[PDB]
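Next up: just one chain, as C-alpha cells, the form deposited without the named molecule.
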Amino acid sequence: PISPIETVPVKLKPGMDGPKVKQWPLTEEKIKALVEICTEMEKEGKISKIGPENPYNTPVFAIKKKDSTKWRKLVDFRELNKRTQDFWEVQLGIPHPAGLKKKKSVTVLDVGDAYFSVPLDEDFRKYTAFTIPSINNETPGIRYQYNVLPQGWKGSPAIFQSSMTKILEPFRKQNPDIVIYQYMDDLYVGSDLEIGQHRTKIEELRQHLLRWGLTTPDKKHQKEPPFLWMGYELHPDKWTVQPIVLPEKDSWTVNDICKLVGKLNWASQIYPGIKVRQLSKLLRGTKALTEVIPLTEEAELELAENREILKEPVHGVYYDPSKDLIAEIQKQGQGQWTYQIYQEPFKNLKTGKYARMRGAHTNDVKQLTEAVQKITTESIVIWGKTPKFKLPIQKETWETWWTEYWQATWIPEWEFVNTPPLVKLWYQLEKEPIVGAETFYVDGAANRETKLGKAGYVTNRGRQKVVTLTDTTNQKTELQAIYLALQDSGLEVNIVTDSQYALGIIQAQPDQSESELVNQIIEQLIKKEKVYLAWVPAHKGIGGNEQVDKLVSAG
C-alpha cells in the first residue's frame, strides 16, 4: 500500500533543470530482477509509465539485500541530487544499546518496502524519470517515473524519517509509556507490560502503522531473544555486538588499513583496550588508496594486540536510571586512552577510546581533560546526564595544573584511581628566579632571505656560545637558544628569553610535541631540578639580552 500521508514539497535548486543522463549497460540477471520489481510496483501505483513528454532520465541498477535473496533497486541520482534543494537532516545520531533500559517485553519490527510506501511530491515526480533496458529484440524498452520515494535520491532518508515520526506521533501520544526506538524503518518496541498484554499492544501498533500504509512482515522478531537490532544482539539482561572479523591480508594497502581501523574503532565500543595509533600513522602522506606498505615493527605489533583482545567474549549491560553513571579512564601510549562506563563494578554499559592529538604541543593532563570532555558529551547523548569519573590522576596533580594553567579548565565530579600509569606533570617551572643558579640570556635570529641563523646565549658568569643553524626560522633559532642554555647549564638554571612564542610553548608544560626540537627541550627540562623562564621585550637594550642580540645578529 501507499501511505495516505501528505507529501513533502520538494524543489530543484533555482535556475537548474532535471537530469538528462542516459542508462548504462545492465546485466541480464538484474534486468530480470528490475522488470519483476517494476511491473509489480507499477501495478501498485508506486511508479508510472511516462511518455516522451518526459525529457529526463537517470541510470539504475540492482544490488542484493541482507539475506541475499531479495534485490534492492537503486537509482544513481548523483546528478539529480546535485540539482535538488538542500534539506535539514533529522537523524541526529545513532541509538545505542547501552542506553536502552530493561523492559519486561520486547519486540523488533521492520517495515516492508519502506521507502516505496511513502508518496513522493507530485510536482517533483517527473525528475525521477528512469528507463529499464529490456532484452533487445523485444523492446527499447520501458520508461517509468517514481510516485514514491526512490533509493539513491538525496532527500529520501530525511523525508522517510520525518514521515515516520509524523505517522508515529498519534500512537506515541496515545501510548506515552510504550517505548519505540525509531531507526529509519526499524522499530524496537519495549513495554513494562506482561507478554500477552504487550502482544495486544504491538498489534495495535501494527494496525496503526498499516492504517498509514506501512506493512510489517516477519521479520517480526517475537518471543525471540536474542533480538537482532542495529548490528547488535540484545538479550534480556545483556547486549553484545554481532561478530567482528578483521582481515588477515599479508600485504596491507591503504584501503586494507582504513578498513582495519574502521572495524577496530567500531569494535572499541565494547572491547576494552583497543588502540589504533600506530596503524593510523601508517596512513599519512599515502596519496593513493591502493598503495601498499609494511606494518612497522610497531604497527604489525599493535595489530596483533587488538587481534588478541577480540578473541575473549564480552557483553554490555543495559541502563538503570536509578544507579549512577561511572566513567573510568585508563592511560596508554602515544596519547591513547581507553574508558569504561558502568553503574555496577564489573558490568560495562559500554567502553571506548580517545586518541586525538589536539595541538602541536601538549601533555597528559590536557589529553585527560579532553577525553573527559569527549566522554561527557557522549554520555549526554546516550543517557542524557553526566557520569562520575574515576581518573588515574592525583587530586594534587590536578590542583597544581589548574593553578598554573592560564586557561579555564575543569573536570566534573571525580575521584582518583591508583591504576597505573598515573597521569603526571613531568616538570614544573619555578615561580621565582633561582638563587645560585647561573643566569642565561638567550636569543636567536634568522635571515628570512637566506634561511641562515644563529642561536646562542650569554651568562652572568661570563660564558657565551653562538651556534649557526642553517635552513631555519626565528621561532626555531629562538627555541634552539633555550635548548642550548638547558644543554650547558647545571641542574638549576635561570633563562631569560625575549620570545613569547617560546615562553608560551614552554610555560604550558608540554611532555609531547610534533617537534623534535621541542621534544629535546622537553627531555632537558625533565632532567633539570629547577628551571625559571623569564621574558623581556626585545630590542630595548636590556641586558644582557642586548649582549646575545648583538652576538647572534651576525646576520
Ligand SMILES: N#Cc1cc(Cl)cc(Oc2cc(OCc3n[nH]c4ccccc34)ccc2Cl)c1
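Heads up: residue numbers just count along the shown sequence, starting at 1.
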{"query": "Stretch with the higher entry mean CA B-factor, where the candidates are 302-310 and 382-390", "finding": "302-310"}
{"query": "Segment of higher mean CA temperature factor, 82-90 or 139-147", "finding": "139-147"}
{"query": "Identity of residue with top Cα B-factor, from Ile505, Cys38, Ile495, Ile521", "finding": "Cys38"}
{"query": "Member of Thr351, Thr419, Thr409, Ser162 with the greatest C-alpha B factor (per the PDB record)", "finding": "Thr419"}
{"query": "Position of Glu449 among the chain's modelled residues by C-alpha B-factor, lowest, middle or highest third", "finding": "highest"}
{"query": "Record-listed C-alpha B factor of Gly555: chain third", "finding": "highest"}
{"query": "Chain-relative CA temperature factor third for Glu432", "finding": "middle"}
{"query": "Modelled-residue ranking by C-alpha temperature factor, third containing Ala538", "finding": "middle"}
{"query": "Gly51 CA temperature factor, ranked by third within the chain", "finding": "highest"}
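FYI, the form deposited with the named molecule bound isn't displayed, but the following is about it.
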query	finding
Open or blocked, once the named molecule is placed by superposing site C-alphas in the deposited complex (3+ ligand atoms within 2.4 Å of backbone or C-beta means blocked)	blocked
Among 346-354, 104-112, 298-306, 383-391, the region lying within 4.5 Å of the named molecule in the deposited complex by heavy atom distance	104-112
Residue (of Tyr144, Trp229, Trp398, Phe124) lying close to the named molecule in the deposited complex, criterion heavy atoms within 4.5 Å	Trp229
Proximity to the named molecule in the deposited complex, single hit among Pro95, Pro272, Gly359, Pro133 (heavy atom within 4.5 Å)	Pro95
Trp337 within 4.5 Å of the named molecule in the deposited complex, heavy atoms	no
Partner proximity in the deposited complex: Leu429 to the named molecule, non-hydrogen atom cutoff 4.5 Å	no
Non-hydrogen atom contact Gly190 with the named molecule in the deposited complex at 4.5 angstroms	yes
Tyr181, heavy atom within 4.5 angstroms of the named molecule in the deposited complex	yes
Heavy atom contacts to the named molecule in the deposited complex at 4.5 Å, residues of 120-143 in sequence order	none
